[PDB]
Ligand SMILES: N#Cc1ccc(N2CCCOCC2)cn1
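Just the one chain here, laid out as structure tokens, in the form deposited without this ligand.
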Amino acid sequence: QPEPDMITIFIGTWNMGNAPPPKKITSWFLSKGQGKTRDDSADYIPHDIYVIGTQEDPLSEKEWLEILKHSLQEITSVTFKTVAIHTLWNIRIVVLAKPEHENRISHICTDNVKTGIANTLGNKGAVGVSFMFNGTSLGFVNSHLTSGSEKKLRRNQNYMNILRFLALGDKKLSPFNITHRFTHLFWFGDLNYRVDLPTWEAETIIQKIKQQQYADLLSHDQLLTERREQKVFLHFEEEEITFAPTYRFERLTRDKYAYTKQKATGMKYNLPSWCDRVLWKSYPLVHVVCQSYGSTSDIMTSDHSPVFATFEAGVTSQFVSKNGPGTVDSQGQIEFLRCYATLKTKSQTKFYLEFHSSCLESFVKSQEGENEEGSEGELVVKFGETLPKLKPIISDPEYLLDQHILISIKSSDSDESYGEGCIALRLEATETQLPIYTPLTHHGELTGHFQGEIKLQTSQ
């Protein structure tokens, strides 16, 4: 029975509005409704992994698991296995997988982050799950960010706290946050970004939604505009939105948006918005294709509609050779030529690199680089031909060309990372000097760049 090189992943996000779900929620898991929807011919084909994020979830874990499993069994005639479930307040993540994957899944981690301080600590934050699927690391984050049209900067701060403090994946990757720890990272939830148009325009917005004309609304969506200005979700992807705003509906129909200020809303307007979103970030040159992104039309217990997204994702096998794991394969090596880091820092410490990868027995520290002043004020750290030769555990090109090297640039004075990035080994050639590049981030914000050349030697 061969190991897969692709799987499909279902991502769901639903703010349930503290109400129990209706009897039938299968449309969610079938990717049926508005937007980029799934073909009817696929309805019986189970996804490999289902990741369900809820917010304002009033159910017990047991109650929700029974609904989810019975839903999937009705669609697919498969009894899914529970990989993980984690709840913070009313924010919940459930991971289900096909039974045939039970012995492919390992290193399961869960964690949560509470956002805010005092007043603003007690219901917003995030839950997450990570695991290995054979040779591939997967991370999943469900966040419920701060509400209200005038709080986009708070949402952006919530995002930065969650990616700094959520403790998922390989703890040995100590310089790296969740935005670098996984082959594929999916981040979804009630992100709560709004369509920033004047309150007076509410009926105009409703008109536009009825005409399925979303362009003038999406051009004011706070998540798209903040992402374009590099304020949040740097280096994440989102599929184009082709479904109506998923908030704020009158319950028990989808015919009416309830936007007017009420005591129940703290006298705030809730103009129709795309609160409910799915984004992802995968390592460079790994296959990931979004195959659906949309909302349901027939699940009306909440003031939000459920959102679905599905993905094809490349996966790799748990590789064994005669040599590694448990030794190196002298027939493999990774060399770096003419490398330099460009950093936005004002500081003047020396810097060194760390190279982390599951193709190495352990991480590798470089010598300190040579600081020069760049022509436009920047710090340039030169490594020249000084970087250590990396010794992979396995030399087979079928394994090595699928790997990635994480890079941290660290201060010699504090050993703190000033920037993190990732290089793919999926090269156009072996035994050939080829340009490499990554942006560098710290706490998910841009801090610099790393560029140079690589020379990869495989057994072929």
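Numbers follow the displayed sequence, beginning with 1.
The same protein also exists as the form solved in complex with this ligand; that form is not shown, yet it is the one meant from here on.
- Figure legend: unbound chain with this ligand modelled from its position in the deposited bound form by local C-alpha superposition. Site open, with zero ligand atoms within 2.4 Å of backbone or C-beta atoms.
- Every residue of the trio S137, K171 and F182 has some heavy atom no more than 4.5 Å from this ligand in the deposited bound form.
- The candidate stretches are 140-148, 194-202, 261-269, 125-133, and the one lying within 4.5 Å of this ligand in the deposited bound form by heavy atoms is 125-133.
- Checked against this ligand in the deposited bound form, the residues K365, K389, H107, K350 give one hit for a heavy atom within 4.5 Å, which is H107.
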